[PDB]
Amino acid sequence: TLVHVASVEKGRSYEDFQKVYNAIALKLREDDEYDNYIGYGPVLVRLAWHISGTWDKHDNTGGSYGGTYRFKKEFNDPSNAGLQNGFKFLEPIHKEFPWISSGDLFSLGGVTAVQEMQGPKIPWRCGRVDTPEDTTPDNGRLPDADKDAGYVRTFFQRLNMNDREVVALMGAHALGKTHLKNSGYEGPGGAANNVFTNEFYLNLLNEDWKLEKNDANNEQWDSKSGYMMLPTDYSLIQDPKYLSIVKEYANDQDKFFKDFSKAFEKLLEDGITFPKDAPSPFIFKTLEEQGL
């Protein structure tokens, strides 16, 4: 029942935020060696999700608004292991643009990464305001990966996401890789892991998956092509309701893009009250669209 009202950084408008977007995008292009040349796109998407996914609809605790990932309790959450790389990437961006709030920066990082990786446009709204250290949510609000479809479904009800929204959001798992030292899981999900596509769904349906144990003694689904799916990923083809939606996105790139864009914006905005006279959501141009 907490209320968080969006408050525009004083005097700022679209052009200010496009400059921040551009600085993130230029650094994504420049720092290309990260994670054996995957680059920082995937980890920035994951950061934006984890700072948002602490939200609880029941009392409006957590969520992106407060920028609380900057505090030790949250940045040391075992569920956030590896995200420090994303935070470090954003540090020089914040130094250049010290006026942007932490929640705005973390969420904008995710939007920028999706778009620069040739994903859908994600409308984005400013006005998250840093809140104090005692507003940092406790660890344990982000999801476990060893679980089944019923767990996933129930988990996401706390974030006010339905089946379609869950399956759309999970398509982000096309990106990057699991790293044994971070999460106890190892490997990429496909060949296209720094360009945003519907490959997650295609690979779920088309690869021959085998349930194996990794070197951390955890089960994961592996293919001979060298890809993997988490148990929670694979649950989307075990549950008949999720399976229908996986098939839809595997067969319609545009629909996946549109549904992902809506769900990801919603995820990043959960918990925030926007005044009726707040600016409309911004749609940033990519570097490519700007000739930059």
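C-alpha atoms forming the largest set that superposes within 1.5 Å between two forms make up the rigid core. From 1 onward, residues are counted along the sequence shown.
J.: Determine, for 192-200 and 151-159, which one has C-alphas that on average lie farther from this form in 8 other deposited structures of this protein; superpose on the rigid core first.
T.: Most displaced of the pair in 8 other deposited structures of this protein: 192-200.
J.: Could you say which moves further from this form in 8 other deposited structures of this protein, stretch 181-189 or stretch 78-86, by root mean square CA distance after aligning on the core?
T.: With the rigid core superposed, the C-alphas that lie farther in 8 other deposited structures of this protein are those of 181-189.
J.: What stretch has the higher average Cα B-factor here, 161-169 or 82-90?
T.: Mean CA B-factor is higher for 82-90.
J.: If you average the CA temperature factors as listed in the entry, which stretch comes out higher, 96-104 or 112-120?
T.: 96-104 has the higher mean C-alpha B-factor.
J.: Given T131, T178, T154, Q220, identify the residue with the highest C-alpha B factor in the PDB entry.
T.: Across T131, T178, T154, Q220, the entry lists the biggest C-alpha B-factor for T131.
J.: Highest recorded C-alpha temperature factor, please, choosing from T197, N182, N194, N203.
T.: Within the set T197, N182, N194, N203, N182 shows the top C-alpha B-factor.
J.: Lowest, middle or highest third: where is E9 by C-alpha B factor in its chain?
T.: Its C-alpha B-factor belongs to the middle third of this chain's values.
J.: Would you mind ranking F274 by its C-alpha B-factor against the rest of the chain and naming the third, lowest, middle or highest?
T.: Ranked within chain, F274 CA B lands in the highest tercile.
J.: Select lowest, middle or highest to describe the third in which the CA B-factor of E33 falls within its chain in this entry.
T.: Tercile = highest for this residue's CA B-factor.
J.: Would you mind checking where the Cα B-factor of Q238 ranks among the modelled residues of its chain, as the lowest, middle or highest third?
T.: Middle third by C-alpha B-factor.
J.: If you rank every modelled residue in this chain by C-alpha B factor, which third holds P42: lowest, middle or highest?
T.: Lowest third.
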